[PDB]
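Read the single chain below, which is given as structure tokens and is the form deposited in one PDB entry.
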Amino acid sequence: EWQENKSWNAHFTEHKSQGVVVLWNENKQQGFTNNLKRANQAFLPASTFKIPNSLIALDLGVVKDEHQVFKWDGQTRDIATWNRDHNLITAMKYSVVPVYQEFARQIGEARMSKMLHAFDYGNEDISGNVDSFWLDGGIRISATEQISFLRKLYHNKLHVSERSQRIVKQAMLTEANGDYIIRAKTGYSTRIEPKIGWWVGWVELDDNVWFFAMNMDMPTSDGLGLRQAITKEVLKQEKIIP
């Protein structure tokens, strides 16, 4: 059951942008969004794919645990934080594509495809290069589809071990204070139009969980901070966070 609240569009327009925020109240099993059409439009997941990618790599033993070090390959890239050693935690924190590209190559197309179908993840289509299909291949996912996937992750209901799901939820940790915990993952899609940014995850409260998934137009990297800012303004508006 779903309600459309066009008043949230103000948060996008104030910043001369366009996008969708989708909220899900777990206690009440009710969803909310500013744009039901865009809520169900499928986009490239980009670095939000690092969630399913981590789960599969851990569950197959490609990644031993969250401490295993993935050594920088020595190739200088334009993102400074990528030119260093990483573990699962920091690789997630800094969206370190090269690390996850090597995961995908070791996972393999066959096992990746099988796992994404078991996850019911998006259109489950890995068409393209195994090490970049989530950036410029055929895989697509909508904001509402992100929520269904995330809800299964939260409840340890995905078809991987509980350990794998706990580790990935730890690596998703983004913000925590006395009022809430946010576990989430950002995304930035540029190789295929329209260029968008993602932010998907959930807000843990004492007595409830609010799942969220947003995407917005991102013609330039200058607006990437709006992914979190716009999401948080909606959360504040709905009195989910002070």
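For every residue, the number given is its place in the sequence shown, counted from 1.
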property: Greater mean Cα temperature factor according to the PDB record, 203 to 211 or 47 to 55; result: 203 to 211
property: Average Cα temperature factor in the PDB entry - higher stretch of 123 to 131, 145 to 153; result: 123 to 131
property: Among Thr186, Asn40, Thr174, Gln30 - the residue whose C-alpha B-factor is largest in the record; result: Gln30
property: Criterion, highest CA B-factor; candidates, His159, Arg166, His86, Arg140; result: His159
property: Cα B factor band for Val99 (lowest, middle or highest third within the chain); result: lowest
property: Chain-relative CA temperature factor third for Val234; result: highest
property: CA B-factor placement of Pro194, once the chain's modelled residues are sorted into thirds; result: middle
property: Cα B factor band for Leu116 (lowest, middle or highest third within the chain); result: middle
property: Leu226 - which third its CA temperature factor falls in, relative to the rest of the chain; result: highest
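This protein has a second form, the form solved in complex with a small molecule, left out of what is shown; the following refers to that one.
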property: Candidate spot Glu14, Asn34 and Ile230, all three touching the small molecule in the deposited complex (heavy atom, 4.5 Å); result: no
property: Contact label in the deposited complex: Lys64 to the small molecule, heavy atom within 4.5 Å; result: no
property: Contact test in the deposited complex: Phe211 vs the small molecule, heavy atoms, 4.5 Å; result: no
property: Contact of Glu238 with the small molecule in the deposited complex (heavy atom, 4.5 Å); result: yes
property: Distance check, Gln18 to the small molecule in the deposited complex, heavy atom within 4.5 Å; result: no
